[PDB]
Structures are given as C-alpha cells and as structure tokens.
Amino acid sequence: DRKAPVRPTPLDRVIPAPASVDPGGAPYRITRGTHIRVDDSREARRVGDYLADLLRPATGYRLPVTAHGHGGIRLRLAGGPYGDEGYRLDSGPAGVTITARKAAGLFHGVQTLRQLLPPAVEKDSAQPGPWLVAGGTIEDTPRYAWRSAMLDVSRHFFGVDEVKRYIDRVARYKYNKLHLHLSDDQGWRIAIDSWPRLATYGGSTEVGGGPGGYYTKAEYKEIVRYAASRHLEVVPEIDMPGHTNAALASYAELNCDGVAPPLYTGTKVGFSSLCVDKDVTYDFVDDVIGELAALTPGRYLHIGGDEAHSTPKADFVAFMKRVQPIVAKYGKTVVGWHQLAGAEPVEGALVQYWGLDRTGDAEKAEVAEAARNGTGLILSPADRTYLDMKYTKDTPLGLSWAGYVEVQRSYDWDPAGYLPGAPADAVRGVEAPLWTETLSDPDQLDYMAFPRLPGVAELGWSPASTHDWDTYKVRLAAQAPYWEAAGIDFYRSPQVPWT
C-alpha cells in the first residue's frame, strides 16, 4: 500500500530537514470545501494560486484562493524571527497555517506542505488521498543564503519549457538561485544585439552536432520571470576568457590571429581563449555584460574563469583585472569559478570552488586565502555535488574524471569545515551543477539529478545539527513513490532503503 499510506507522513520527514520540528496532536485533513486564505496582496495571492495549482489535479478540489474568511489553509505575512526565507507551519484539525515575513517564506512553507501530503498528490487525476498533514509545528530557517543549482545549456541546449521543468524540480527543495551556463565551446545561448552572430552562428550547434539553439531576449526574460515566480534568482554565466570557442567561431576579429576557428562539437576542454592583447576583446566583453546585466534582475553575473589553459597565468590575471570591474559598472556582483581566487578578486566578489579531495594544498590555500581576504565562497566540489558525475563505474550516463559519487558521498559532509583553513563565515553556501556533455533530454537530466539533488539542498538549508546519513537516507527513501507518481526518473541507489 506504499502508493497511498494508511497513515500520514511524519512531520519531521522533510527534505531539507527543518530547523525545528514539534509534532503533536491530530492532523489536519484537506476536504473538498477547503479554501486557501491569503493576505490581500498580489504576492500573497501568487503563492496561494501556486499552492492551489499544485493540489487541484490530484484532489479534484476547487481550492479557491481568497483574502476573506477563515480558510482551512492559511498563508499569512506577519512579523517574526523568520528572515527573508523562513516560515512557521502549524497544523491540526483547526487548519494549516503558514506564517512568514516575505512571500519566499510562504513559498518555502508550501514546499514542506507538499511532502507532508501523501504521494498521491503528484498525480494528474483525482485520488482518494486522504489529504492528511501531520499535526504539530515546524519552525524553519536556512543555514546558508546561497543555495543554487546550475544547468549547462551550452553543451546540449534545452529550451524554455525544458528549463521550466528543471526549475520546478529544484523548487521542490528550497534552492533560491539558478545558475545558467549560457556559453561555452559548443554553444552561445543568449542573443546579444550588439553581437548578433554569437547566437545565430555560435548557437547553431551543440555537442555531437546538428541543431543547437539559443534564447531570444523574450525567451530569456520568460525564463527569468518563471524562475522568479518559483523564487529562484537567476545567475547567468558568460564563461571567460576560456570556454569561449562559440564566440571565437562567431567573430574572426576576436581571435588573436584574426581567423575564426570552426564550431566545436566535441566534449573536451581547455583549448580556447579570448585575445587578452586586443582592444576589441574588452569592447566585446563590455557589450555582452552590459546586455546581460540589463536582462538580469538578480544581483550577480558569473564570468566563469575556469580551465583557461590556453591563457598563460600572467595574461589570465591581466584579463581578470580588466573585466571584473565591468560587472560593477553595470551594477552587479561578480561571481567566478575559484580560479579567480588566483587573479585578485574585487571587493564583493564570490568564487565557486569546484575542486575535489585530490586537489592540492596550494590550490585550496589560494581559495582559503581569498576567503580570508573577504571573497565569499560557493562550495560545489566535483566529487560531491556535480550531478553529471557517475554514481558507479556502471552508470550509463555522466563523467568520471572526479571519480564516482554515490548518494552517501554527495550528502555526507559539512560545508563549514570542508575547506582547510577557510573561515566558516566565508562560506555563502553550496551549488549542485549539472553539466551536459552527456545529457540531451529532460529524462536524462532527471536520472543524474535524482536522488542527489535534495541532499545538496539539505546541506545548503538545514542546521548541521540535523545532518546524519543514517536518518537522512530514511527521509530520502520516502521520496521514491512521490517521484514515481510524478514521473521523475531517478537512480535507485543501493545505499538508500527505498520505500
């Protein structure tokens, strides 16, 4: 009977683990007459409608959203110790109430509520339920404010609707940032009006050849809009000065020898570089960042900086000295991969660490030295949170350059002391990147993202006090029938005792 439990989900059985769980008393039961009652604002109705949309198919209930009356489900904005993102959830026969300071907090509370409900809530046709929500109180706040998921759309392109699907997968677990890898050697995926061939030519293929694709400005604005309605701040990346072949192939004049290389359809790295010695390079960078800044309402622009292995250290430092201030010129905070830690991060910058256990002490020290010097740290170790990494040697998709990453390995660590010598106050949070050298459709994205995606969300959200593999894997095993009912393919790890 694992498809419809006799009894409700325990109040504590939630990913991420809530900061505080106080089970007690009888559950609330949603019945055909339940109303979703919201505050009288466009943003409170927005969350209510989002909740109503999640529940209507499987309940068959009308679930009207109103700002009058005493709804059995109440989303209220109120003072409280909940920050921009925390919430309180109270549940019992008198109703479910979710209280927060800001809409993002109500939305996060919605994400807990959908796991308190039974797996049948994922179905697109009406079900018995019963629509029970365990009784008690959850009081929940995030440990880290940077909790991001990356999608690589350069290696294989994914259109607006496929990004919206992936957006909805991550929203489940209280991620608050969506990092988009918009350019690389195999693709340029954002239309730039000052440099139109970047999209029309540089976007014309992908890994393995054939059609590629790109986002018109309107498509990209719709992605940003959609992400925002799921409370994801979009962090765009234009990788530079390496991983730049699609741009180089698009404009001969950007190449140091003035000859445009061919379009790249392979799956290797390191061979491309912008021309640090040419003035146009910085005209090009300034136009691109300018246009991307304008499309970007979030606070951050990612300039990459990884694997510039055809850029000698001194030219790479030079290049980064010049381009970093362009970002603040257009009003944004710079993010780079942690190679930037070795080219003088500007005030306010963050760096994303993608090293592994085999990384050497000198490289890790450079990153911890930048932390000491005030650079924020985003942690995404390649042998922890790279969702493109194989689980075992038998995984059919993915890469293995970082070894194999089973479910326990991905989950079982503490960002706060992970980097030797790094002040734990320098750690802004975690990211789970999903690179697409090997992935070309959304079902494939799912199989590599699930089941590790929730775990990295937990490292970003939950108190370290709640961290424990043996109890976490029980909570994680409970997702199986939810994912099955939703059509989310996932790797049935033997380490996880699946429900």
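Numbers for residues come from their place in the sequence shown, where the first is 1.
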_431-439 set against 63-71, stretch whose average Cα temperature factor tops the other in the entry_ = 63-71
*Out of 112-120 and 80-88, which one has CA B-factors that are higher on average in the deposited record?*
80-88
_I'd like to know which of 335, 96, 387, 134 has the highest C-alpha temperature factor in the PDB entry._
96
*Have a look at 51, 474, 448, 26 and flag the one whose Cα has the highest B-factor in the entry.*
26
*asked:* Using only modelled residues of the chain, where does the Cα B factor of residue 231 rank: lowest third, middle third or highest third?
replied: lowest
*asked:* When the deposited Cα B-factors of this chain's modelled residues are ordered and cut into thirds, is residue 177 in the lowest, the middle or the highest one?
replied: middle
*residue 36: which third of its chain by C-alpha temperature factor?*
middle
*Taking the values exactly as deposited, rank residue 307 by C-alpha B-factor within its chain and report the matching third: lowest, middle or highest.*
lowest
*Would the CA B-factor of residue 221 place it in the lowest, middle or highest third of its chain?*
middle
